[PDB]
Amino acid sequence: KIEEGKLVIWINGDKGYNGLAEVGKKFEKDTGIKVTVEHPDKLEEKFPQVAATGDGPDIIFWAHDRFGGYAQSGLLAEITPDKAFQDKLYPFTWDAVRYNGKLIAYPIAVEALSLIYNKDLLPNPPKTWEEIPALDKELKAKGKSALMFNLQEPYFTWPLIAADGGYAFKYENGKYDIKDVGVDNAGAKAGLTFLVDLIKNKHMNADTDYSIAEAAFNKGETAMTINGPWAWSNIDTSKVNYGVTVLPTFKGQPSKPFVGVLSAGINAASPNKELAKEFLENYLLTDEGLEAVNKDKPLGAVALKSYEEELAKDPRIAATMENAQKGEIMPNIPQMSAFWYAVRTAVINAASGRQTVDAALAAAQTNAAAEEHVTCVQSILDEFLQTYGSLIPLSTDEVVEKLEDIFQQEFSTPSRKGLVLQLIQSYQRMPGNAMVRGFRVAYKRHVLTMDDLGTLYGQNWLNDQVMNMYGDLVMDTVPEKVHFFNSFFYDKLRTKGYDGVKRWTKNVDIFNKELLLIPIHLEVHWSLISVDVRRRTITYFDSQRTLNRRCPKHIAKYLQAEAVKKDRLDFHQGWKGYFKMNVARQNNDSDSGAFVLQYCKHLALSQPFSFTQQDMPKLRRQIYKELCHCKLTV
């Protein structure tokens, strides 16, 4: 969980996290509060998963587009600044961080892609996309390339798509229409087709990512690149004399870059909400603090008017703002994440030749407008399949509760719980969604495949492997008091007396234990033997209230023999046999193994508990889950 008295921050690695750490050091010098600054990979995906359970950071930094999804899930706490403080920042930045009338994060600064070019290779850089191909032929002859930039994230490739009319969500009459998506209209098709034509003309490489392009440009091996303010510092250090200029225009229209607002939200499970208020308002959002972060890796056009007016004189900031005005500001709705995913796959597949432009955008079109609840159920059941291998242990209520958490809506009313069930059933009916190929569980020597976990479904007969591993779990839950003989013990002892099991207990002195559990597998029926070592009693459990008279006699002969061969003759005598009364009793012929495992569990744990034949569907699911966890359910 989250520690109290310490502030812990997440911010992406391409920002000035060291510069922010200097701000935290001052906070610690003036208040005694340690401030930790971490930059985990994939932190935007992580923050939901951990903030749901109370863990995670005190403060979360990301472009505003993600925060809708967080506020939808109750993960962000409401920002409460003075009107005095709110006047200090440009109003349209507070717009980026307002979700359904509430403020959910502090704006920090404004980001937009621009065209960064090598002044010495290319004193006059192209104004249009269309003239770049010939330029690249002219430079490749000189030994170097025209352009390189990140082709693995769609934020970089989007402006070309949106130039001739690509868009994400129609913004009409104040609201975003999430059913009207512009990722396969002919303008977006036009943009991406021009791009993939560059890949097929060997003017750019389809595998280029952020690191490759940055190295190319800063080493002077390529004359142009596309990036944000954060890149500039690493070029100040390089060989290159660079400028920041307007992006080229595709089909006479400006490239529309999506504009992000770096925003610091607050975890709703944070015990340090006041501390984060103080840090963000009075240390970070000052001229001094933004200066620190800006010097490590630039922020761009900061929200704090006072410092922005001092930075605005920079030609690079001016260029970034020009590109911003020609673009469109990112939405902050929860569907934005689903939009970005859809486009990332479409670009990568189109440039890799695995899909056409028209088909990749056909796919992205449907996914970006997909019903949010449906895709959530898809993800939940896919994760469940990866964890437990099948949907055998799945409870419908389980899915219902997860959805209630995510969307902060009710789902248990009949009309809604029924929709959840229908979605689950459609998921199950698709191919490959039944079980995981090669799914495995490994606990010490034991191994279970889906052929073993399958015996827990419905009214199937549990097999030897399931029973033996679950017994080892019961024993290892209280191992100084319990020892568990596997199912093969009894058949040997019955046939060949003590000599067939005389080497069974390797180094185990069963007579220092309190309880020994011995399953009894005959044909298809499972029974159980329970030895109370302290009281020297042998006791036979049958879920059908039928005693096997010879079984406890075999057990008794074995126990005396073991007392002889282990020099434990103080345990040689006093044994009495019992047929157990007042326990659960099956009505069918097929739940016997489960009855026995439950008997064992509640003999070992000695907690108040009862169950019945009618509890068996629940308990079967529970046993499955305990096995996969390699832990019993306390």
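Quick note: we count residues from 1 along the sequence shown, nothing fancier.
Participant: Look over 126-134 and 150-158 in the entry and identify the one with the greater average Cα temperature factor.
Facilitator: Higher of the two, by average CA B-factor, is 126-134.
Participant: What stretch has the higher average Cα B-factor here, 443-451 or 200-208?
Facilitator: Looking at the record's C-alpha B-factors, the answer is 200-208.
Participant: At the C-alpha atoms, which of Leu462, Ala213, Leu195, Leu516 reaches the highest B-factor in this entry?
Facilitator: Answer for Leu462, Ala213, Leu195, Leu516: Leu195, with the highest C-alpha B-factor.
Participant: Going by the CA temperature factor in the entry, name the top one among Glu401, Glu291, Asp476, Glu172.
Facilitator: Result of the comparison over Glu401, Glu291, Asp476, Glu172: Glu172.
Participant: Looking at the C-alpha B-factor of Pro331, is it in the lowest, middle or highest third of its chain?
Facilitator: Middle third, going by the recorded CA B-factors of the chain.
Participant: Could you look up the Cα B-factor of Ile33 in the entry and say which third of the chain it sits in: lowest, middle or highest?
Facilitator: Within its chain, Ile33 is a highest-third residue by C-alpha B-factor, going by the deposited values.
Participant: Quick one: classify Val634 as lowest, middle or highest third of the chain based on its Cα B-factor.
Facilitator: Highest third - that is where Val634 ends up once the chain's C-alpha B-factors are sorted.
Participant: In terms of the CA temperature factor given in the entry, to which third of its chain does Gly54 belong: lowest, middle or highest?
Facilitator: Top third by C-alpha B-factor.
Participant: Which third, lowest, middle or highest, does the CA B-factor of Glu626 fall in along this chain?
Facilitator: CA B-factor rank for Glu626: lowest third.
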